[PDB]
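A.B. asks: Just the first chains of my complex for now:
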Amino acid sequence: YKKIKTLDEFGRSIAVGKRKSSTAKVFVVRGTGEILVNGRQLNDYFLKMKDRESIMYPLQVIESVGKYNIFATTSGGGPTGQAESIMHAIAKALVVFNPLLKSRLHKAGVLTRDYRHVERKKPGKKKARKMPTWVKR
Amino acid sequence: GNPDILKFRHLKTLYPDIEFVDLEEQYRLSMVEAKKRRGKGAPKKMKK
Amino acid sequence: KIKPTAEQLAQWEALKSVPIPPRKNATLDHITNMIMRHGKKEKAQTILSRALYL
Amino acid sequence: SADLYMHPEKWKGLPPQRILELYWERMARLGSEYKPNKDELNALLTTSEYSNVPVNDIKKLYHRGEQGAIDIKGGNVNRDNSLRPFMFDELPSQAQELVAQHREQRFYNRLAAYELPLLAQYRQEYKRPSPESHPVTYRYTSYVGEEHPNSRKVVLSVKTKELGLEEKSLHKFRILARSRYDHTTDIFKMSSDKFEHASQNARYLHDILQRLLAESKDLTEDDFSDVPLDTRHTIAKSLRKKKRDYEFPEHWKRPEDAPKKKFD
Amino acid sequence: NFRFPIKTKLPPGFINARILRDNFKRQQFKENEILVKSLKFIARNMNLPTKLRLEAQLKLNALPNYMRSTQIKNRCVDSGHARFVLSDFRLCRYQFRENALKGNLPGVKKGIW
Amino acid sequence: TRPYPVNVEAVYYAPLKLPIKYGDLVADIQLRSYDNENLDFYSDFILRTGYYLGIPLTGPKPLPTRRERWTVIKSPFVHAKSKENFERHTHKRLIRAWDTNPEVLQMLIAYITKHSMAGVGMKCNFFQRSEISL
C-alpha cells in the first residue's frame, strides 16, 4: 500500500491575461456591453479590426457580447499582443463566470497562455536561427 | 599601478627562522645551470 | 459542490448547440497573408479589403 | 596568564596540562624574539613522565627540535602514506564547507537567542518631529565597507508650503527654485556633491535653502509674481511618469451583481 | 639612471614591458593630469588674451608623451593583452573566460539564461 | 518537557515585526549580493535584530535584480564563429527602518555590521528632519 475565485465588493470578475509580454489586467462586470481599453475607447486604442475581433472572441464563443461591460488595462508589448492578452484575461475572469460553460471556454483555447514569445539572439547567428552566410570554395 | 604587493620572494626580513623555497626561481636557476653546463648559456655583456 | 444556475444551464444548453464561431476566414487569410510581406499585415489586409470593396 | 609564556620561570608548579601548551604559547608568540630558559626546559622535564617521552628526548626537542626528532627517529622516513584507501570518517572538503555553513547558522541562531534579545532592550520612545512645523528633511549617503564617492552626496527635500512662504514669497521661492522645485509634488529638492566630507555638503544645502528663503521673502528687487512659474522640467518628468488616471466607471460598479456575504 | 625618465615602482602581479610603458604613463599622467587640466583651461578660455593663451597651448604640445591618457591603453592586468579588454574585470577575452569559468571571478560563471 | 524559551523558538518562528505609529522613515538597508542565500538569511537576522532593538522594520522588499552580461569568444585564436555568454545577476533586498530615534538606529547598522555575512553589501541612506534654519 501507499482556491475558488469570486466577484469583488462591486460584483465584478478581474483576471490578468498574459501573452508576448503584456499583463492585460481586465475588470469584467455584468452591465451592458461597452469597452474601455486603457482609459479610452476601443476603436481609438486598437486601430486594426482583427485585434478588436480577437478581444470580442471570448464573448463571441459564449452568447454574451453585449451582456458584459469590460474595462481592460494593458501594459507592455505591442498592439496585437496587447489585444491578445486582453482577450485571454477575459477568459481568465470568465473563470469566475459561466462555471460549467467554462469547459468550452478553456476549449476554444481562450484560457491557454501563448508561450509564443521572442527567441534570444543565438551567440552566433545574425538574429536567432538566422545563420550568416557560409562559404566553401 | 596600485603599489602594495609582496613580490613572491619578500619573506625573510620578518619571518626569519623559516627557510622558504621559491619554486619558480629555483627552477630558473637550475635551467641556467644546465645551460652553462652544455655550452648553451649566454655570452657576457660588453661592460661599455 | 456549489452548482450551476438555470440561467447558467439555459445557456449551457443554449450555447451547447451553435458551433464555436469562426475566428478567421480561410480563403481570405491565406490570401491576406500571401500578400503580406515584411510583417506588413495591416497594409496587406487593407489591400484585399479595399479591392474587394470595389 | 596570557603573558605567562613571557615568564617561563612562572611555569614552575604548573600541572602537566598547563605548562604543556604554555610552552607552545612561547613558541606561538615569539617567532624570532623567543628566549631559551632553564626553567622553561625544566617545565618540559616535569611533563616528561606523562606522554611517556624521555627527559632527554624532550630536552633534545627543546634544542635540536626537528633535528632532535629525526635523531630520535634514527633517520626514519615516513613511508609515503598520503594516498590512503577510502576508510570512511574522512570529512570531504565540500562537506566541511557545509558544516561551516551549519556552524555559521548555529552562531546566527545564538545571536537570535542572545545578541538579538539580551543585548538589546525596550525600544526608545521616538521624539517624532511634526512635518508641518518641522520640514526641511535631510537625506545622507553612507556605504558599509565601501568608499563609494556618492557617500559625500547630501539631499534636502522640503515642500515650498512646508517652509511657510506667503503667496508672493511662496511664488517667488518657486520661481527662484526653478527645476529643483517640483510643482506637481509642490516639493523643493536639491543635492550637494562638491566637498570631500558629506558634513560640509549638508551645511552647503542649509545655506542654499536659507539664501533662497531670504531672497524669496523680500520682493524689494522683484516680486517675480509677473514671471509665470516654469514647469517645463516637471512636464517632461510627467511624460516619463507612467500612471493610470482611468478607473472602473462608477455606473459600471454594480453591487447587486456582486454576491452577498455567505455565512458558514 | 632609471630606465624611465622618472623612477617608478613596478606594477604588482604580471609585469610586461608594454605594461611597464602604460604603467609609467599612468603614474606620470595621474600627477600631471591636474597641470594638464590647469593649462588647457588656460588655453581654451577666450575670456583671456591671445598671448597668455598661446603660451599655454604651446607648452602643452611640448609636454612629454607620458603626460597623456589617450596614450594609456586598457591592458589585461593578468596577461598584458590590450585587445578585447573588458574593463569590468580589467582582463581579456580569454583570461576572462578562463577566470570566470574556473570560478576565479566570484559571481561570474555562464549565461545559461 | 523543556520548551523553547521565546528567543530559542523565535529563531524557528518568522521574524517578528512592529507598528509604524507616525509613518516616519529614518533609514533604508539595500543589502545586495550575487547570491540569494546569504541575502535573505542575513536579512532575517537584520529583521530579527530590529525586533529586539525595538525598531519597527519593514520586509526585505525584493528590489529588482541586475543581469550584467558579457559575450566573449570561447577559443584562444580565430574560431570566432562560436562564442559564449557570461552573466552576473546582482540580487538586492530593502529593509526600510520606520519610526525610531536618531541614535538607536546606529546600533542596528553598527551591530548588523559586526556580524556581517560573506558577499552581502549594505547601504544606509539616513533620512533626517529638523527645522528650516539653524
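C.D. replies: In hand now; what should we look at? Numbers count the residues shown, from 1 in each chain, chains lettered A, B, ... in the order given.
A.B. asks: quick one: the helices in chain F?
C.D. replies: F:7-12, F:36-53, F:105-114 (DSSP state H).
A.B. asks: Tell me the buried residues in the second one?
C.D. replies: Judged by neighbour count using 16 or more other C-beta atoms under 10 Å in any protein chain shown, the buried positions of helix F:36-53 are F:38-39, F:41-53. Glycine gets a C-beta too; all of them are placed from N, C-alpha and C.
A.B. asks: residue contacts, the closest residue to chain C within chain E?
C.D. replies: For chain E and chain C, the shortest gap (C-beta to the nearest C-beta) falls at residue E:113, measuring 26.7 Å. Taking C-beta atoms under 8 Å, 6 or more residues apart in numbering or on different chains as the contact definition, residue E:113 lies against F:67, F:87.
A.B. asks: From residue A:54, how far off is the residue nearest to the spatial centre of chain A?
C.D. replies: For chain A, residue A:85 is the residue whose C-alpha lies nearest the centre (C-alpha atoms, centre = their mean; 2.3 Å). For residue A:85, the distance to residue A:54 (C-beta to C-beta, to the nearest Å) stands at 10 Å.
A.B. asks: Put this one in as chain G:
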Amino acid sequence: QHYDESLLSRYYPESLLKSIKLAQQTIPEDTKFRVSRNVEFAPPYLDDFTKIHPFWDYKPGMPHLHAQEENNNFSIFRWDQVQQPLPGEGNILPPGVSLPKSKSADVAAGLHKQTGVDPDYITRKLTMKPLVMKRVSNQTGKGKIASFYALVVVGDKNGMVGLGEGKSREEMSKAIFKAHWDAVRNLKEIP
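C.D. replies: Okay, chain G now, added to the rest:
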C-alpha cells in the same frame, strides 16, 4: 508560555538567563507562526544551542570568519591533527563496507573470492613465466586500436601447469595480470 525564573534557572544555562528575562519581556502572545516561508534561517533540528558542539559549531578558539574573538587572543597553537574530527562514533563507513608477486597477490585474492582456489598456493607455490607478449591491433573506424595479447604459463613445478592468455588496450602488464588470472584458473595436472 513565559515560565518562572526559578524553573527557567532549573532547565537552561546560568549567566545566559538575563537574556531570557529580556526574551519574555519583549516577545508577546502571538501564536500564529506567520513564517516568511522557506526562511531556512532556523536549523533543520532543535534543542537550544546552549551547548557548543564540535564540528557542528565552529571551533571555540579558532580563526574563522565570524570568529568574533580578536586577531591576537586566539588559541590554536600546533596545527598537525584535523582541528575538528568527525562526531558521533567517528566512521562515515557507508553502511555496507568494511574499513579497507604482489601483482600475483591480487590475481589470487580475486580468484579466491571467486573460483575457490586457495590464495596461498597461487602467491607462493606457482611461477608465472610469460611466453608470448605481442601487440596485436584492430582496425576500428575510430582509429587503428592496439592491444596486448599475452600467454603467461603459471604452474607449481611439482605436477600442475596452466596456459592462460590475456588482452588489454591500456598496458601490457595489465594484460599479463589478466593472463595470470586465466591460467591460475586453467591449472591442469600433467601426468
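A.B. asks: since we added chain G, can you redo the contacts of residue E:113?
C.D. replies: Taking C-beta under 8 Å, 6+ apart as the test, what residue E:113 contacts is F:67, F:87.
A.B. asks: cool, and residue G:67?
C.D. replies: G:58, G:74.
A.B. asks: mind checking the backbone torsions on it?
C.D. replies: The phi/psi pair for residue G:67 (degrees, to the nearest 10) reads phi -60, psi -40.
A.B. asks: what about residue D:193, neighbour count?
C.D. replies: By other C-beta atoms under 10 Å in any protein chain shown, 14 other residues sit near residue D:193.
A.B. asks: now residue D:79
C.D. replies: Residue D:79 is flanked by 5 other residues according to other C-beta under 10 Å.
A.B. asks: Repeat that for residue B:5.
C.D. replies: 12.
A.B. asks: re earlier: what helix or strand is the residue nearest to the centre of chain A on?
C.D. replies: According to DSSP states H and E, residue A:85 maps onto helix A:79-93.
A.B. asks: Pick out the residue of chain D closest to chain C.
C.D. replies: Closest point on chain D to chain C, by C-beta to the nearest C-beta, is residue D:262, at 10.4 Å.
A.B. asks: Which parts of chain B are helices?
C.D. replies: B:23-37.
A.B. asks: Tell me the residues of it that contact chain D?
C.D. replies: Residues of chain B found near chain D (C-beta under 8 Å from any C-beta of the partner chain) are B:15, B:16, B:17.
A.B. asks: The following sequence is to be added as chain H:
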Amino acid sequence: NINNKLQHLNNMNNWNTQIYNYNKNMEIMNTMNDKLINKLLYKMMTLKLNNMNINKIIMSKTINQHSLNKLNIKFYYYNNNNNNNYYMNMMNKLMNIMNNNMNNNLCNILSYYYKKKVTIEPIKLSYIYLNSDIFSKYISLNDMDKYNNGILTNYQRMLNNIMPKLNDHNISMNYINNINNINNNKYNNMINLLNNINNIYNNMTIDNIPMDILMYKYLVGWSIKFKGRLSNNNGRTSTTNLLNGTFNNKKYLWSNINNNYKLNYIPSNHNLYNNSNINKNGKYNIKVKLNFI
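C.D. replies: Time to bring in chain H:
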C-alpha cells in the same frame, strides 16, 4: 520538501573570491589583489630543514571570503609521533606566521592590503584525494618521475585502489530513505499536535539529522588524467586517464533534491582541477575530477 541549507552549497562558495562592493570599479581592484595574494601565499608553501627535505604544504586555491566586518581568506592545507609533540614543526610554524604570531605575522601585514580585518583560516586534511585541486597538485609535484615515463603499475594501481568502489546506488537509496524517515517523523509529530517546539519534532536533534542529511561526502568515482609531455621517449603527448567509479548522483535521479551547477557550468558534486607543471620532457597538466556523490 526543501534543500537543507547544509545540503546545497552556496553560490558564494562557487566564486573563489567572495566579495560585493557597490564601488564596483573598486571591487575589481579587490579581486585583483586576491589572486596575486593567492600566488604569494602559494609560493610560501615551500619548506627547508638543512639540505634535507622540502615538505611541500599542499594548499587549496584561496577561498577568499571578504565581508565588510572582516576578511576571512581560507585554504585547506596538506603535508606528510613521540617527537612532534614537544616541538612544533614547520607546518605549525606556518600557522604561526599566519595569525598566531601577534603582529610580526602575515594576517597583520595583510591588513595593509584590504583596509579591514585579515584573518587567515587554513583547514588540515588527511587524504590528498579529498580536494580535487590538491589532488592534482600532489600528483603534479611530488610524483613527477614516478610517472614521468610510464605509470608505475602499483603506483597506477594504488591510484585506482583508494575508496572501496562506494556503491552510489546503495548510498543514494539509504540517504533518500533516511530523509524520508526524518520527514515522516516530523510529519507524525506535527499531526500529533495538529490533531511547543518540544513536541513540534521530538526525537529529532543533533544526532539523527545533522550528518545523515550531509550529501557530498563519499568519493563515488574519481578520474585523474596525466596530459602533456609525460613521455621521455615520446616527444608527442601522452594523455593517460584513470577513470574510476561513476560520475552521477542517484539521489537527484529519484528525490526532491535536484543537481545544481557550480558557476552554472559544472555540477556541484563534480569538482575538478589540473595542476600544470613543467616536466624535464616538457610542461604537462594533470586533470583530476572527483564525483564525491
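A.B. asks: Same as before for the contacts of residue G:67, with chain H this time.
C.D. replies: So residue G:67 contacts G:58, G:74, H:70, H:119 (C-beta under 8 Å, 6+ apart).
A.B. asks: For the residue nearest to the centre of chain A, give its distance to chain H.
C.D. replies: 31 Å (C-beta to the nearest C-beta, to the nearest Å).
A.B. asks: May I ask you to confirm that that residue is in contact with residue A:15?
C.D. replies: No. The criterion here is C-beta atoms under 8 Å, and residue A:85 misses it with residue A:15 at 10.5 Å.
A.B. asks: Tell me the secondary structure at the residue of chain G found nearest chain E.
C.D. replies: Going by C-beta to the nearest C-beta, chain E is nearest to residue G:65 of chain G, at 14.6 Å. Following DSSP: H, G, I helix; E, B strand; the rest coil, we place residue G:65 in the coil state.
A.B. asks: quick one: the nearest residue to it once chain neighbours are set aside from residue G:127, how far?
C.D. replies: Nearest residue to residue G:65, sequence neighbours excluded (C-beta to C-beta, 6 or more residues apart in numbering or on different chains): residue H:72, at 2.9 Å. Distance, residue H:72 to residue G:127, using C-beta to C-beta: 61 Å.
A.B. asks: Now for residue 28: which residues touch it?
C.D. replies: Looking at chain A here, since you left the chain open. Counted by C-beta under 8 Å, 6+ apart, residue A:28 has contacts A:12, A:13, A:14, A:15, A:68, A:69, A:70, A:71, A:90, A:93, A:94, A:97.
A.B. asks: Oops, wrong one, chain D.
C.D. replies: D:5, G:77, H:88, H:96, H:100, H:101 are the contacts of residue D:28 under C-beta under 8 Å, 6+ apart.
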